[PDB]
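Protein chains: 2
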Amino acid sequence: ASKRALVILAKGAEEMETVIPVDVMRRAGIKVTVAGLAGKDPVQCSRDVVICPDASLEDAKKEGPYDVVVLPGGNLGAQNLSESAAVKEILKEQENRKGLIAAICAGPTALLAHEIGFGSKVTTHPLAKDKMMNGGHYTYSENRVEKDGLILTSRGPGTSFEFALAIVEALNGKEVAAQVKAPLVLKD
Amino acid sequence: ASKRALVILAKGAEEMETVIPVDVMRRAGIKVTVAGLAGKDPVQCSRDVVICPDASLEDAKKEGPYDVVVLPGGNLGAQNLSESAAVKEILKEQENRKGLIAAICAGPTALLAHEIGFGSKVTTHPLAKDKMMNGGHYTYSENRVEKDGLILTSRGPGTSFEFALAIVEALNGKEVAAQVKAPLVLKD
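The listed protein sequences derive, respectively, from chains A and A'. A prime marks a further copy of an entry chain. Read in order, the letters of the first sequence are residues 2 to 189 in PDB author numbering. Read in order, the letters of the second sequence are residues 2 to 189 in PDB author numbering.
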């Protein structure tokens with residue numbers, strides 16, 4: 002009866018945008034797998050924090066399906082996501098089964114790369130807007146968190162908490178999100 | 002001409018309270034060492050995120066002094082900090098040289114354990130208040146970030162950004178803090 006989350010961790014990911022959702026989602030009782038794009042080996046994030054993944058993406062792919070697939074940001078991390086064929090297959094399958102797809106900051110640009118969710122309202126970091134909007138395949142929003150259909154996006158490291166709680170609320174409901182939020186000492 | 006920060010990472014530390022300051026401080030051009038209390042080996046944080054430290058605390062101790070020593074929270078992480086004699090020696094030396102000491106959430110309780118900064122105004126997570134105030138050696142504040150003398154404290158995972166920017170401002174000044182803050186997409 003346990004919801005399941007896949008977080009895809011590539012070299013150059015924004016470490017704050019990776020750790021905050023993982024931690025919050027685990028506080029909500031979600032089973033999270035931090036999967037390394039390139040294998041089980043430690044991943045050097047954008048600000049040189051080094052994180053050990055729970056599994057390789059190849060292994061994690063075989064233990065699906067997930068209720069949410071999570072793409073962190075970081076410019077080089079998103080580019081690695083955008084170039085990976087395994088990511089494409091994972092995302093295309095999640096879209097077909099109408100599962101949730103969540104991406105933050107530069108992460109949403111991998112959706113464009115993989116032709117995921119065209120027609121949806123999305124947000125990105127302001128510095129990634131032009132890249133996301135090439136072709137006019139999405140409609141842009143400046144909301145800190147944006148959810149359109151099964152596509153949930155958010156803007157930057159400072160929106161990471163609101164992004165993660167929106168995932169909790171989508172998966173486990175508003176009461177669990179409010180319960181997990183109180184001990185965090187968030188402002189709003 | 003580079004300021005230097007020591008972050009002490011023990012098993013059971015709150016990973017968000019560890020990664021956010023490290024990342025932000027590195028964005029501000031500070032040289033940060035993430036030092037493992039028990040050695041160079043990977044550290045399992047409170048929500049099972051596993052982080053590889055930059056060095057063992059023993060090695061990092063020999064490459065001082067630091068302009069700031071940073072104690073993350075997490076209940077079991079703070080307890081490990083509070084029990085470590087190496088931490089005591091590091092903190093007592095930082096206090097004598099009038100260097101900054103920064104602790105968040107449950108982290109400040111290690112200060113009490115090591116008899117650091119008595120008489121100062123401090124904050125903690127609300128759930129750690131009673132422990133910090135045993136003996137009445139400090140005055141309690143409910144400000145999200147509190148700074149009294151060389152002692153800088155903060156309340157929880159959700160104050161992590163404000164805590165980290167206060168460190169930047171203390172070390173590098175208000176203009177650098179404001180420059181580092183803008184691309185984060187913080188609310189206030």
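C-beta atoms are modelled at their ideal positions from N, C-alpha and C, and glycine is treated no differently.
Tell me the rounded alpha-carbon separation between residue i and residue j.
{"i": "A'/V71", "j": "A/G120", "result": "46 angstroms"}
{"i": "A'/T160", "j": "A/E147", "result": "23 angstroms"}
{"i": "A'/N97", "j": "A/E170", "result": "48 angstroms"}
{"i": "A/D149", "j": "A/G174", "result": "17 angstroms"}
{"i": "A'/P109", "j": "A/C106", "result": "32 angstroms"}
{"i": "A/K130", "j": "A/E116", "result": "16 angstroms"}
{"i": "A/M134", "j": "A/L151", "result": "19 angstroms"}
{"i": "A'/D42", "j": "A'/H126", "result": "28 angstroms"}
{"i": "A'/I31", "j": "A/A178", "result": "35 angstroms"}
{"i": "A'/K63", "j": "A'/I52", "result": "22 angstroms"}
{"i": "A'/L7", "j": "A/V50", "result": "14 angstroms"}
{"i": "A'/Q80", "j": "A/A86", "result": "45 angstroms"}
{"i": "A/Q95", "j": "A/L172", "result": "15 angstroms"}
{"i": "A/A39", "j": "A'/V25", "result": "26 angstroms"}
{"i": "A/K132", "j": "A/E59", "result": "28 angstroms"}
{"i": "A/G137", "j": "A/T124", "result": "13 angstroms"}
{"i": "A/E176", "j": "A/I91", "result": "30 angstroms"}
{"i": "A'/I168", "j": "A/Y139", "result": "39 angstroms"}
{"i": "A'/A104", "j": "A'/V44", "result": "19 angstroms"}
{"i": "A'/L101", "j": "A/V88", "result": "44 angstroms"}
{"i": "A'/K93", "j": "A/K93", "result": "56 angstroms"}
{"i": "residue 1 of chain A", "j": "A'/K122", "result": "Chain A is shown from 2 up to 189; residue 1 of chain A falls before or after that span and cannot be answered."}
Report buried or exposed for residue i, applying the criterion of at least 16 other Cβ atoms within 10 angstroms of its Cβ.
{"i": "A'/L128", "result": "exposed"}
{"i": "A'/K99", "result": "exposed"}
{"i": "A/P66", "result": "exposed"}
{"i": "residue 1 of chain A'", "result": "With chain A' covering 2 to 189 only, the question about residue 1 of chain A' has no answer from this structure."}
{"i": "A/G13", "result": "buried"}
{"i": "A'/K4", "result": "buried"}
{"i": "A'/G118", "result": "buried"}
{"i": "A/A61", "result": "buried"}
{"i": "A/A2", "result": "exposed"}
Pick out whichever of the options has its Cα sitting closest to the Cα of residue i.
{"i": "residue 255 of chain A", "options": "A/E18, A/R28, A/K41, A/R5", "result": "The question about residue 255 of chain A has no answer here: the residues shown for chain A are numbered 2 through 189."}
{"i": "A'/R48", "options": "A/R28, A/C46, A/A61, A/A39", "result": "A/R28"}
{"i": "A/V23", "options": "A/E176, A/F162, A/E94", "result": "A/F162"}
{"i": "A'/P184", "options": "A/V181, A/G157, A/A183", "result": "A/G157"}
{"i": "A/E15", "options": "A/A2, A/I9, A/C46", "result": "A/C46"}
{"i": "A/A114", "options": "A/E94, A/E84, A/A167", "result": "A/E84"}
{"i": "A/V181", "options": "A/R5, A/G118, A/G13, A/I21", "result": "A/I21"}
{"i": "A'/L82", "options": "A'/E176, A'/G136, A'/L112", "result": "A'/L112"}
{"i": "A'/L187", "options": "A'/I91, A'/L172, A'/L166", "result": "A'/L166"}
{"i": "A/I9", "options": "A/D68, A/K93, A/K132, A/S57", "result": "A/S57"}
{"i": "A/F164", "options": "A/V69, A/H138, A/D55", "result": "A/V69"}
{"i": "A'/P54", "options": "A'/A11, A'/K122, A'/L92, A'/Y139", "result": "A'/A11"}
Using beta carbons (cut-off 7 angstroms, strictly below), is residue i in contact with chain B?
{"i": "A'/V23", "result": "This model lacks chain B altogether; the protein chains it does include are A and A'."}
### Message
Taking contact to mean 3 or more Cβ pairs, one atom from each stretch, closer than 8 angstroms, check whether the segment 140-148 of chain A' and the segment 28-36 of chain A' are in contact.
### Response
no
### Query
Along the segment 150-166 of chain A', what residues have a CB closer than 8 angstroms to any CB found in chain A?
Considering only beta carbons, the part of the segment 150-166 of chain A' lying closer than 8 angstroms to chain A consists of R156, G157, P158, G159, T160, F162, in chain order.
### Query
For the 8 angstroms Cβ check, are there 3 or more pairs between the segment 62-80 of chain A and the segment 67-82 of chain A'?
These segments do not touch.
### Query
At a Cβ cut of 7 angstroms, what residues of the segment 35-63 of chain A count as close to chain A', listed as they run along the chain?
Hits within the stretch, in order: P43, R48, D49, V50, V51, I52, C53.
#### Entry: Interfacial residues, the segment 104-132 of chain A' to chain A, with Cβ spacing under 9 angstroms
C106, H126, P127, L128
### Query
Which residues, taken in chain order from the segment 4-17 of chain A', show a beta carbon closer than 7 angstroms to some beta carbon of chain A?
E16, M17
#### Entry: Where the segment 72-93 of chain A meets chain A': residues whose CB sits under 8 angstroms from a CB there
none
### Task
Could you name the residues of the segment 173-187 of chain A' whose beta carbon sits closer than 9 angstroms to any beta carbon of chain A, in the order they occur along the chain?
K182, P184, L185, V186, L187
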